[PDB]
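Report on one structure; see the data block that follows.
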Amino acid sequence: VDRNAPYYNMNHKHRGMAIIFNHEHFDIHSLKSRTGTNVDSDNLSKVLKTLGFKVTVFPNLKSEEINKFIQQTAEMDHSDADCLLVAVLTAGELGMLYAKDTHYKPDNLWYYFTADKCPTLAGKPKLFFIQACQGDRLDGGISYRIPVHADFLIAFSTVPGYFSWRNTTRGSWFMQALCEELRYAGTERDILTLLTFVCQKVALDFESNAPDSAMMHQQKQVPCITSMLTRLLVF
Amino acid sequence: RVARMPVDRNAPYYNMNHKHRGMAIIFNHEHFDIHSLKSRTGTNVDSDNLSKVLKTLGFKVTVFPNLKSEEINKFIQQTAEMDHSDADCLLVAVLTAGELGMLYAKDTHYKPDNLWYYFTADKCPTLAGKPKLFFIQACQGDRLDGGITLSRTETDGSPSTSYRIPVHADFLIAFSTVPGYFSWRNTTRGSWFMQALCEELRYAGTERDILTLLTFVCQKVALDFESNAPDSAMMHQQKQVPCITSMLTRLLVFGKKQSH
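Right under this line is the structure:
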């Protein structure tokens with residue numbers, strides 16, 4: 046076909062690995078436990094299988110270990126793969142993520158996937174879905203390092219809205235929106251349209267969101283889609 | 040099969056026919072009242088070509104040459120305080136030198152989030168719901184390793200690589216920094232990014248969503264990257280591209296209505 050083709054070549058022997066880093070508990074004094082992070086995780090794991098990814102869930106790893114797996118992923122023959130997915134569910138800001146032991150900078154997640162370091166994923170999409178809740182519009186008191207490198211995609215969250223069953227909580231707006239979308243849609247739409255709609259879903263549940271009666275600030279809080287893709291991505 | 044009109048809070052597309060399209064305001068810098076900082080020759084190409092197409096898309100374009108930082112902030116704010124209730128959206132272009140998280144005016148540098156600050160819902164209820172687009176070209180482009188001389192650094196640590204993204208519905212940021220240009224003899228003119236941007240906006244800006252569009256802009260940038268400093272053979276893989284940050288909640292198709 047072309048070097049200037051509208052789509053990503055999505056059909057080699059296998060789809061690619063999705064590897065999910067999932068944090069519920071923290072060996073860090075006074076960081077509250079993340080309950081029903083397992084709903085999101087197991088919901089995501091579910092759908093990514095039906096899309097053809099070889100999924101691996103890693104629950105509660107020490108910061109150093111994540112780097113070992115991520116890296117030991119980055120050093121494989123992805124030649125038979127259509128792409129790569131990495132999901133992280135945890136606590137923190139836009140620019141510091143938590144592991145069971147300590148925080149780290151999000152850039153360490155995509156660091157080892159660049160073409161010079163992962164020549165076998167060259168031109169294949171490399172996708173990173175981070176949900177790292179914390180969300181109060183406040184920086185008064187009187201983000202991450204975006205990789206400029208074709209074919210990365212980063213959807214980052216921090217919207218602290220959830221669904222909760224009884225009194226305990228379980229499964230967040232963001233992660234749910236993204237499964238429903240990837241499920242009841244992922245084979246007729248490009249990824250960026252999809253993720254647009256995920257935003258809308260989050261954006262719309264904001265209105266089940268703390269403020270009211272005319273509280274300073276207004277327009278909904280959504281995920282951040284950062285995209286260096288060069289092609290339309292249709293699963 | 041078709042295109043339709045109204046019905047949803049959960050409608051797929053932005054309402055893109057109000058009385059007006061909106062305002063595009065371009066900030067263009069070529070010279071710098073700062074020692075060391077080289078002239079951005081041929082930034083005038085980009086500027087005048089952007090401006091051309093946004094008029095055909097039906098914006099009321101305004102262009103501000105080599106302004107001081109205080110003056111940029113004066114007009115940005117003065118823009119945010121307008122009745123956009125008649126407008127479909129809002130565009131800000133900024134073509135200057137600088138990094139991913141510092142931009143230059145004639146006088147001094149400033150942070151990109153000063154550009155979209157004054158425009159959020161609480162501060163611009165008349166743009167609330169409406170798409171606010173910022174395209175920014177801030178040329179400088181080096182991702183290290185390859186040579187091992189003509190430098191300083193030894194021990195690691197390179198944070199603050201990027202800007203502060205508005206976590207806010209309906210903003211969209213398209214940021215270049217890829218320093219490749221077309222050039223005419225010795226002189227330069229027109230960046231790969233902007234010519235790409237304009238070609239897509241012109242010969243397609245009307246039947247495709249803003250995001251697919253910018254996707255194809257990346258492709259075009261990535262592809263010229265190979266007229267790029269090392270990489271001295273073969274096909275390679277891909278490149279260094281624009282950065283498209285999106286908090287959009289609907290597909291955004293540049294719609295129309297002549298007599299409105």
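Sequences listed follow chains C and D, in order.
Numbering (PDB author numbering) for the first sequence: 46 to 187, 201 to 293.
Numbering (PDB author numbering) for the second sequence: 40 to 299.
C-beta atoms are modelled at their ideal positions from N, C-alpha and C, and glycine is treated no differently.
Those residues which DSSP pairs with residue i across a bridge
i      : result
D/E138 : D/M141
C/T284 : C/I212 and D/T284
D/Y149 : D/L142
C/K171 : C/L129 and C/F210
Cutoff 8 Å; reference residue i; Cβ partners in own chain excluding five residues on either side
i      : result
D/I111 : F66, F103, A144 and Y149
D/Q179 : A136, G137, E138, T216 and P218
C/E69  : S78, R79, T80, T82, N83, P104 and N105
D/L262 : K278
D/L76  : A136 and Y143
C/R48  : none
C/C237 : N88, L89, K91 and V92
D/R182 : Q279
Neighbourhood of residue i by C-beta, 7 Å cutoff - its chain only, sequence neighbours within 5 removed
i                      : result
C/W155                 : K171, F173, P205 and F210
C/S201                 : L139 and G140
C/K58                  : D125
D/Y52                  : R289, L290 and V292
C/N153                 : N112
C/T165                 : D122, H123 and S124
C/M233                 : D85, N88, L89 and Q176
C/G168                 : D209
residue 323 of chain C : Here chain C covers residues 46 to 293 and nothing more, so residue 323 of chain C does not appear.
Chain-order list of residues whose beta-carbon lies under 6 Å from that of residue i (same chain, five-residue window excluded)
i      : result
C/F221 : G229
C/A63  : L93, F98, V100 and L130
C/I212 : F173 and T284
D/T245 : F293
D/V133 : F66 and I175
D/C163 : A119
D/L240 : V92
D/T159 : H207
Collapsed DSSP secondary structure at residue i in the structure displayed
i      : result
D/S197 : coil
D/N83  : helix
D/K162 : helix
D/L154 : helix
D/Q179 : coil
C/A63  : strand
D/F293 : coil
C/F71  : coil
D/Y53  : coil
Residue i: contacting residues in chain A (beta-carbon distance under 8 Å)
i     : result
D/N49 : Absent from the structure is chain A; the protein chains it does hold are C and D.
(request) Can you check the region 206–275 of chain C for any alpha helix (DSSP H) of at least 4 residues that lies completely inside it and give the ranges in chain order? (result) 231–241 and 249–263
(request) Give, in chain order, every unbroken run of the beta strand (DSSP E) that is at least 3 residues long and sits entirely within the region 89–132 of chain C. (result) 99–104
(message) Counting only Cβ-Cβ distances shorter than 9 Å, please list the residues of the region 265–278 of chain C near chain D, keeping chain order.
(response) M274, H275, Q276, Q277 and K278
(request) Note down, in chain order, all residues in the region 283–295 of chain D with a beta-carbon under 8 Å from any beta-carbon belonging to chain C. (result) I283, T284, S285, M286, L287, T288, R289 and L290
(request) Would you list, in chain order, the members of the region 156–178 of chain C that have their beta-carbon closer than 9 Å to a beta-carbon of chain D? (result) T159, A160, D161, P164, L166, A167, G168 and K169
(message) Give me the subset of the region 124–142 of chain D whose CB atoms are less than 8 Å from a CB atom of chain C, sorted by chain position.
(response) Answer in chain order: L139.
(request) Anything in the region 74–97 of chain C with a Cβ closer than 7 Å to a Cβ of chain D? List those residues in chain order, please. (result) none
(request) Return the residues of the region 200–212 of chain D that lie within a Cβ-Cβ distance of less than 8 Å from chain C, sorted by chain order. (result) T200, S201, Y202, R203, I204, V206, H207, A208 and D209
(request) Return the residues of the region 240–256 of chain C that lie within a Cβ-Cβ distance of less than 9 Å from chain D, sorted by chain order. (result) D248, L250, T251, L253, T254 and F255
(message) Short of 9 Å Cβ to Cβ, which residues in the region 217–242 of chain C face chain D?
(response) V217
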